[PDB]
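Visitor: Below is a structure I'd like to ask you about.
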2 protein chains.
Amino acid sequence: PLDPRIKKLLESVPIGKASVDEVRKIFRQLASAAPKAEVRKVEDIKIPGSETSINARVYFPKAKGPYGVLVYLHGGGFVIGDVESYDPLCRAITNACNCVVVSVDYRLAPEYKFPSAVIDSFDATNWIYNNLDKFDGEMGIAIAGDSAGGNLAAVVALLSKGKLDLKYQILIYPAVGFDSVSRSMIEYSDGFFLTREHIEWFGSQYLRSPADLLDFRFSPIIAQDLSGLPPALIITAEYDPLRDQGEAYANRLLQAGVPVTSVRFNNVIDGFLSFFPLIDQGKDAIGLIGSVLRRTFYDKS
Amino acid sequence: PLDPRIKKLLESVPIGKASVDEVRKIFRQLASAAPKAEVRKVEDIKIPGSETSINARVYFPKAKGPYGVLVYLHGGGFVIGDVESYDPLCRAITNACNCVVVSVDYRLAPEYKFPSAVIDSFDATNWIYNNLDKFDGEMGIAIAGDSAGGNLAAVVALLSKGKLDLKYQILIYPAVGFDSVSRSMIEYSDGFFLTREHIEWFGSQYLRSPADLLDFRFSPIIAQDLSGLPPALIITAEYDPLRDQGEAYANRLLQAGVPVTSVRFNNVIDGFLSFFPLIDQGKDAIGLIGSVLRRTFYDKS
Ligand SMILES: CCCCCCCCO[C@@H]1O[C@H](CO)[C@@H](O)[C@H](O)[C@H]1O
Ligand SMILES: CCCCCCCCO[C@@H]1O[C@H](CO)[C@@H](O)[C@H](O)[C@H]1O
């Protein structure tokens with residue numbers, strides 16, 4: 001069953017039942033309420049994308065350099081969330097990993113439909129890779145994101161094959177495609193924060209036509225070839241409609257020879273890392289991310 | 001775990017690794033080896049379809065009429081199987097249900113791609129409905145099929161809404177769409193008779209383009225409206241890549257107010273009813289079908 005702490009929280013975001021502005025506001029005020037841990041320095045930068053100037057926030061850790069750079073792609077169903085609402089989480093990640101985090105403000109639907117978010121996420125990652133020196137970030141680049149952001153991270157890792165050298169991909173309860181059949185999708189369709197109705201709504205805002213459902217840049221699970229992708233940490237949540245598809249992607253990556261640590265956090269829901277001050281499991285997931293990136297970037301415990 | 005009887009059988013059909021002719025032959029000789037139970041009468045008929053003359057075999061039970069008529073759509077991945085290889089199973093069903101069974105030789109891929117099988121299956125069902133008098137079949141019509149045939153049965157039930165009055169749909173370990181994410185698909189991808197590689201091969205032979213994956217006549221799971229469909233018996237197999245999607249369809253039907261008895265036969269695999277002389281669970285599944293149809297057609301135990 002759910003951790004009673006989470007059940008209590010749930011029993012006390014109106015996606016598809018309020019305006020885009022209102023749902024964005026509700027989400028901002030929820031996510032941004034978490035404590036902001038001190039980092040060494042924060043900078044807002046503009047990354048010159050192929051289709052837009054991409055705002056990003058750069059967090060520097062108190063540890064001395066050189067650093068690895070983690071590109072972070074926020075969740076929010078391709079429609080809500082932003083860099084500023086993810087500031088608490090990105091600060092926590094920065095401190096856990098002792099690395100630079102660059103959180104990307106990719107273009108959001110419905111104003112900018114698929115594949116805008118993908119293009120911005122990839123363009124940002126490409127630019128950061130080519131400018132690691134600016135961050136004292138010579139230990140390399142990794143990519144991470146949660147939920148819809150995990151979709152984008154997975155897709156960026158695919159697009160980066162034979163171009164960038166991503167050291168790692170961190171997929172935090174990712175969406176990896178269109179799922180009308182998995183047990184978790186059916187069983188946890190309602191009552192666990194992220195619902196099937198929300199997922200369908202987000203899909204309706206982001207995608208342009210049903211054809212986009214078959215585009216690997218939306219459904220990385222059907223990519224022709226997953227071999228040669230960066231090693232992955234894939235976190236799933238037990239009570240999450242997206243759980244089974246995330247674990248399927250982990251399995252597909254493993255079958256393609258990609259190293260994957262797939263961990264199901266029991267008793268929790270989609271989005272639980274954003275709840276880290278309330279949900280201890282969220283802190284522990286952040287710590288797991290920390291371990292994996294300190295090892296990959298620095299060969300440190 | 002698998003029933004040891006089934007493990008033994010598996011440990012002792014080369015889809016995608018031999019010619020279409022050879023795989024068809026191998027399947028025929030396997031399936032047709034089961035005993036043919038006596039029925040009262042068998043007739044081969046030609047049903048005038050919209051696109052072809054449709055061969056069908058009609059089985060009459062020893063029980064006196066009037067009868068219900070079960071339209072049966074064989075499995076075989078839209079590519080293999082036929083009425084004659086399914087003769088033992090259809091005879092067993094006939095005797096269990098005390099009803100007329102009409103097994104339909106729908107057009108097969110790759111010679112005839114999607115939606116040929118659907119068109120023939122629907123046209124046959126429509127003609128039978130309109131000619132129930134020819135079979136003393138006034139107690140009505142139901143539809144059934146296994147695996148790919150369960151796909152076709154489910155689709156025929158959708159297409160029949162507001163046209164025919166199907167009394168029941170029997171979906172025997174059905175495929176209900178494209179599934180790249182379910183746990184059963186991933187976990188039982190290999191070693192359980194029907195494999196993911198076979199499924200992908202069948203999909204490649206049957207469908208014309210990836211767009212067909214989103215056509216409700218291939219993926220009834222994404223049909224816009226499942227309400228008002230006939231009551232269903234949905235049989236799934238525990239060790240079957242198709243298991244989760246069949247149970248998802250059952251759940252979607254239930255959510256749409258359609259009565260569904262969804263039963264997972266544990267310890268067995270896809271196709272187990274075809275193995276009824278070896279696999280006792282197959283006989284029992286046939287008996288369950290019998291119970292449901294005797295009730296719906298005759299209000300009998
Ligand atoms: C966490 C966010 C995950 C979003 C996954 C969306 C899965 C696809 O969502 C779908 O896409 C279609 C195209 O707009 C629509 O026709 C449907 O309403 C919808 O179910
Ligand atoms: C028991 C038979 C179930 C068959 C389900 C097939 C699921 C879809 O199968 C797919 O369809 C595509 C179109 O041809 C192909 O591109 C792919 O190879 C394949 O995975």
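Numbering starts fresh at 1 for the residues of each chain in the structure tokens, the chains themselves are lettered A, B, ... in the order given, and ligands are numbered from 1 as they appear.
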With a distance threshold of 10 Å and counting only C-alpha atoms, extract the residues of chain B near chain A and express them as a PyMOL selection string.
Guide: chain B and resi 176-187+210-211+213-214+219+221-222+242-249+251-252
Visitor: Collect all residues with atoms no farther than 7 Å from ligand 1, counting only C-alpha atoms and all ligand atoms, and output them as a list in words.
Guide: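 The residues within 7 Å of ligand 1, counting only C-alpha atoms and all ligand atoms, are residues 76, 77, 78, 147, 148, 175, 177, 178, 179, 199, 200, 201, 202, 203, 204, 205, 206, 207, 208, 209, 210 and 213 of chain A.
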Visitor: CA of residue 259 (chain A) and CA of residue 239 (chain B) are how many Å apart?
Guide: 27.0 Å
Visitor: Hey, can you check how far CA of residue 104 (chain B) sits from CA of residue 6 (chain B)?
Guide: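 For CA of residue 104 (chain B) relative to CA of residue 6 (chain B), the distance reads 28.7 Å.
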Visitor: From a DSSP pass on the backbone, collect the residues of region 28-171 of chain A flagged as strand (DSSP E) and hand them back as JSON, numbers by chain.
Guide: {"A": [41, 42, 43, 44, 45, 46, 47, 48, 53, 54, 55, 56, 57, 58, 59, 60, 68, 69, 70, 71, 72, 73, 100, 101, 102, 103, 104, 140, 141, 142, 143, 144, 145, 146, 166, 167, 168, 169, 170, 171]}
Visitor: If we count only C-alpha atoms and set the cut-off at 9 Å, which residues sit around region 156-170 of chain A, ignoring sequence neighbours fewer than 4 positions away in its own chain? Please answer as a PyMOL selection string.
Guide: chain A and resi 70+118-119+121-122+125-126+129-130+140-146+150-152+216-217+220+223+225-226+228-235+289+292-293+296-297
Visitor: Can you list, as a list in words, every protein, DNA or RNA residue that comes within 7 Å of residue 60 (chain B) when you count only C-alpha atoms, leaving out same-chain residues fewer than 6 positions away?
Guide: residues 39, 40, 41, 42, 99, 100 and 101 of chain B
Visitor: Keeping only N, CA and C atoms, write those residues as a compact mmCIF listing (two decimals), in the first residue's frame.
Guide:
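Written file, out_23.txt:
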# COMPACT_ATOMS: atom_id res chain seq x y z
N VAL B 39 -20.02 -34.46 -33.87
CA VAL B 39 -21.14 -33.53 -33.80
C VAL B 39 -22.27 -34.15 -34.63
N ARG B 40 -23.40 -33.48 -34.71
CA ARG B 40 -24.53 -34.02 -35.48
C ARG B 40 -24.32 -33.95 -36.98
N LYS B 41 -23.85 -32.80 -37.45
CA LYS B 41 -23.68 -32.55 -38.87
C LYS B 41 -22.64 -31.47 -39.06
N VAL B 42 -21.87 -31.59 -40.13
CA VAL B 42 -20.92 -30.55 -40.54
C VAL B 42 -21.23 -30.20 -41.99
N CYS B 99 -24.63 -25.59 -29.35
CA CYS B 99 -25.03 -24.58 -30.31
C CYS B 99 -24.35 -24.82 -31.62
N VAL B 100 -24.81 -24.10 -32.64
CA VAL B 100 -24.19 -24.13 -33.95
C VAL B 100 -22.94 -23.26 -33.90
N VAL B 101 -21.85 -23.77 -34.46
CA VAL B 101 -20.62 -23.01 -34.58
C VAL B 101 -20.35 -22.81 -36.07
Visitor: Write out as a ChimeraX atom specification each polymer residue whose atoms come within 12 Å of region 29-32 of chain A, counting only C-alpha atoms; drop sequence neighbours fewer than 2 positions from it.
Guide: /A:13,22-27,34-36,74-76,80-91,271-278
Visitor: Mind writing the picked residues with N, CA, C and O atoms as a tab-separated table (two decimals), in the first residue's frame?
Guide:
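Output contents, as saved in out11.tsv:
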chain	number	residue	atom	x	y	z
A	13	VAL	N	-3.60	18.91	-8.51
A	13	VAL	CA	-3.51	19.81	-9.65
A	13	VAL	C	-4.64	19.51	-10.63
A	13	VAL	O	-4.67	18.42	-11.22
A	22	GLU	N	-4.07	28.50	-14.71
A	22	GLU	CA	-4.39	28.16	-13.33
A	22	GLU	C	-3.68	26.89	-12.90
A	22	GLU	O	-3.17	26.82	-11.79
A	23	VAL	N	-3.63	25.88	-13.77
A	23	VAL	CA	-2.94	24.64	-13.41
A	23	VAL	C	-1.43	24.89	-13.27
A	23	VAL	O	-0.79	24.33	-12.39
A	24	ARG	N	-0.88	25.74	-14.13
A	24	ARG	CA	0.52	26.11	-14.01
A	24	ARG	C	0.79	26.79	-12.68
A	24	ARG	O	1.76	26.48	-12.00
A	25	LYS	N	-0.10	27.70	-12.28
A	25	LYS	CA	0.05	28.39	-11.01
A	25	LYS	C	-0.03	27.43	-9.83
A	25	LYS	O	0.77	27.52	-8.89
A	26	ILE	N	-1.00	26.53	-9.85
A	26	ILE	CA	-1.18	25.60	-8.75
A	26	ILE	C	0.07	24.74	-8.63
A	26	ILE	O	0.61	24.55	-7.54
A	27	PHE	N	0.55	24.22	-9.74
A	27	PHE	CA	1.75	23.43	-9.69
A	27	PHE	C	2.97	24.22	-9.18
A	27	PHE	O	3.74	23.71	-8.35
A	34	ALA	N	8.94	23.73	-1.49
A	34	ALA	CA	10.00	22.94	-0.87
A	34	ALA	C	11.19	23.84	-0.55
A	34	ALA	O	11.44	24.83	-1.23
A	35	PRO	N	11.96	23.47	0.48
A	35	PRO	CA	13.09	24.31	0.85
A	35	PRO	C	14.16	24.34	-0.23
A	35	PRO	O	14.39	23.33	-0.90
A	36	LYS	N	14.78	25.50	-0.39
A	36	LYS	CA	15.87	25.70	-1.32
A	36	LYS	C	17.19	25.57	-0.57
A	36	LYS	O	17.58	26.46	0.18
A	74	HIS	N	12.73	19.39	-16.56
A	74	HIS	CA	11.62	19.26	-15.63
A	74	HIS	C	10.42	18.51	-16.21
A	74	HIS	O	10.19	18.50	-17.43
A	75	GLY	N	9.65	17.92	-15.31
A	75	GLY	CA	8.37	17.33	-15.65
A	75	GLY	C	7.22	18.31	-15.61
A	75	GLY	O	7.40	19.52	-15.45
A	76	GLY	N	6.01	17.77	-15.73
A	76	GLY	CA	4.82	18.60	-15.91
A	76	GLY	C	4.03	18.33	-17.18
A	76	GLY	O	3.34	19.20	-17.68
A	80	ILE	N	3.05	21.99	-17.99
A	80	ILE	CA	3.25	22.76	-16.77
A	80	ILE	C	4.67	22.54	-16.26
A	80	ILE	O	5.48	21.82	-16.88
A	81	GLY	N	4.99	23.16	-15.14
A	81	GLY	CA	6.35	23.15	-14.64
A	81	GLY	C	7.19	24.18	-15.35
A	81	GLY	O	6.82	24.69	-16.40
A	82	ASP	N	8.35	24.46	-14.77
A	82	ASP	CA	9.32	25.38	-15.33
A	82	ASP	C	10.57	25.27	-14.47
A	82	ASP	O	10.60	24.54	-13.49
A	83	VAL	N	11.61	25.99	-14.85
A	83	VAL	CA	12.85	25.97	-14.12
A	83	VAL	C	12.67	26.46	-12.68
A	83	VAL	O	13.24	25.90	-11.74
A	84	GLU	N	11.85	27.47	-12.50
A	84	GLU	CA	11.78	28.09	-11.18
A	84	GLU	C	11.03	27.21	-10.18
A	84	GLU	O	11.43	27.15	-9.01
A	85	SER	N	9.99	26.50	-10.62
A	85	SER	CA	9.26	25.60	-9.73
A	85	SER	C	10.11	24.38	-9.36
A	85	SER	O	9.92	23.76	-8.30
A	86	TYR	N	11.08	24.05	-10.22
A	86	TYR	CA	11.99	22.94	-9.98
A	86	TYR	C	13.27	23.34	-9.25
A	86	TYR	O	14.16	22.52	-9.03
A	87	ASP	N	13.36	24.59	-8.84
A	87	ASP	CA	14.54	25.10	-8.19
A	87	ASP	C	14.89	24.32	-6.91
A	87	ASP	O	16.04	23.93	-6.73
A	88	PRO	N	13.93	24.08	-6.02
A	88	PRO	CA	14.26	23.26	-4.84
A	88	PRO	C	14.83	21.89	-5.19
A	88	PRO	O	15.81	21.46	-4.58
A	89	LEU	N	14.21	21.20	-6.14
A	89	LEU	CA	14.69	19.88	-6.50
A	89	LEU	C	16.07	19.97	-7.13
A	89	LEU	O	16.97	19.19	-6.80
A	90	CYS	N	16.26	20.93	-8.04
A	90	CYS	CA	17.57	21.03	-8.67
A	90	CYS	C	18.68	21.40	-7.69
A	90	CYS	O	19.80	20.94	-7.86
A	91	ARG	N	18.37	22.21	-6.70
A	91	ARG	CA	19.34	22.51	-5.65
A	91	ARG	C	19.68	21.26	-4.86
A	91	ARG	O	20.84	21.02	-4.55
A	271	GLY	N	6.05	11.66	-9.23
A	271	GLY	CA	6.38	12.98	-8.75
A	271	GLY	C	6.99	13.02	-7.37
A	271	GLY	O	7.26	14.12	-6.86
A	272	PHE	N	7.24	11.86	-6.76
A	272	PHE	CA	7.64	11.87	-5.36
A	272	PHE	C	8.94	12.60	-5.06
A	272	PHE	O	9.11	13.08	-3.93
A	273	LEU	N	9.86	12.73	-6.02
A	273	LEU	CA	11.07	13.50	-5.72
A	273	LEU	C	10.77	14.98	-5.50
A	273	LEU	O	11.46	15.66	-4.75
A	274	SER	N	9.73	15.48	-6.15
A	274	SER	CA	9.33	16.87	-5.97
A	274	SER	C	8.81	17.10	-4.55
A	274	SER	O	8.84	18.23	-4.08
A	275	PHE	N	8.34	16.02	-3.91
A	275	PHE	CA	7.85	16.03	-2.52
A	275	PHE	C	8.90	15.70	-1.48
A	275	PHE	O	8.56	15.33	-0.36
A	276	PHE	N	10.19	15.82	-1.82
A	276	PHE	CA	11.24	15.38	-0.91
A	276	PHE	C	11.19	15.92	0.54
A	276	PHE	O	11.63	15.22	1.43
A	277	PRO	N	10.68	17.14	0.77
A	277	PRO	CA	10.69	17.54	2.18
A	277	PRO	C	9.67	16.79	3.04
A	277	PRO	O	9.82	16.74	4.27
A	278	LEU	N	8.64	16.25	2.41
A	278	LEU	CA	7.58	15.51	3.10
A	278	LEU	C	7.82	14.01	3.00
A	278	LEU	O	7.59	13.26	3.96
Visitor: What separation in Å, quoted to one decimal, exists between CA of residue 115 (chain B) and atom 10 (C, counted along the ligand's line) of ligand 2?
Guide: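 Pair CA of residue 115 (chain B) / atom 10 (C, counted along the ligand's line) of ligand 2 returns 14.5 Å.
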Visitor: From the options A:94, A:50, A:12, A:224, which residue's atoms come nearest to ligand 2, counting only C-alpha atoms and all ligand atoms?
Guide: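 Distance minimum relative to ligand 2 lands on A:224.
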